[PDB]
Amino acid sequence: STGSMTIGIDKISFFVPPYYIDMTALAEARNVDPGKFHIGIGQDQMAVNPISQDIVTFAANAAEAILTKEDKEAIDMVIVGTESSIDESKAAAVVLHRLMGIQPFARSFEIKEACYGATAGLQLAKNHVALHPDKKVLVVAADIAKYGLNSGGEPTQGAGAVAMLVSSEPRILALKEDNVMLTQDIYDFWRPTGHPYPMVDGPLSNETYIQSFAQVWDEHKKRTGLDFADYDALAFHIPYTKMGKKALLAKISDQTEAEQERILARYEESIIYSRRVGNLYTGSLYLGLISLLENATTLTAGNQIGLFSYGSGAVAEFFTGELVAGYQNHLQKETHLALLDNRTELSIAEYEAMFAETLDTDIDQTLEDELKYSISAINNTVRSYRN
């Protein structure tokens, strides 16, 4: 009711492909104890997509869920964060700008830094709107996480997008100016040009992620004096739900049991959707935010939400948001639950067939798919989308 005009997330939604495989079914096919997936890494259902669906398909569907005609006129910047690009030059944001019917006098571009790309976009969006509060920015995380059949990373796979509308007087989450950022040159996870799957140093990945949180948390506490007791919930980027828990558990071990129980319970709420989707790379943290807000029943306006973003390479950031009065009226619980529940369960055979298929863009072809914004054709390497 006082002070500077707030800036932050006005609306937020995710989209995942209309297919999944059950992790017990996957475990039985890979001759491993299902507990390895359900408990070990903490995953239950995994999102999978056909070659007729790419990051534009997911970004467009996610964004369509939150954009009004008014938004489309007020948006003058469109940003896509991804590490699953389909062009080395042309930003995925340009096609998204067209499909969403956003007004022409806007800048559009793509950000790349592993799983951190969308966060970078969000912070830049926040600064833009702070300086131009009559404008809005569309920021979309979009990615496809594939590792290969019978591969070590297979059970953490996923696909989809998370779209955010950034505005002044946001109806969901007001962003604070307490950002703590961190860059370290570490080769825990990367994907050289020409590699369809990432190069991974498994142990280094877990180590770097866990310590990166510790580093930005400690620096944040030093700068602000804020501690776990000052946070009503914490949302994390996660490669899989158990790794987030590990990082969190390691840092909160010296807190009162009351604080641990509280923070840990909130974390469980934040991963409800993730357990049913898998890794969204850039979108994982923001799926967690959605999951937290739509599954919690005792969060309320005025509460402080801490967010930890991570990107292999590695870049990390911790920042805070405050829940806005009335935010519970502007979520999409019914829509999201329906999206997850309405998915078709694939058998492992069907999944392997879908996964193995490759899109060769050098061949002119048509593709069939009932989903809006799916790929309808390739011509001279150019993708057309049905709308």
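We number the residues from 1 along the sequence you see.
The PDB entry reports B-factors from which the mean C-alpha value can be compared for 123 to 131 and 290 to 298; the larger average falls on 290 to 298.
With 33 to 41 and 316 to 324 compared on mean CA B-factor from the PDB entry, the stretch scoring higher is 33 to 41. For the set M46, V56, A27, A65, the maximum C-alpha B-factor listed in the entry falls on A27. Highest CA B-factor among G81, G225, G160, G306, as stated in the entry: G225. Per the deposited record, the Cα B-factor of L165 falls in the lowest third when ranked against the other modelled residues of its chain.
Per the PDB record, residue ranking by Cα B-factor puts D232 in the middle third of the chain. In the PDB entry, a CA B factor belonging to the highest third of its chain's modelled residues is recorded for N206. When the modelled residues of the chain are ordered by C-alpha B-factor, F105 sits in the middle third. For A91, the recorded CA temperature factor ranks within the lowest third of the chain's modelled residues.
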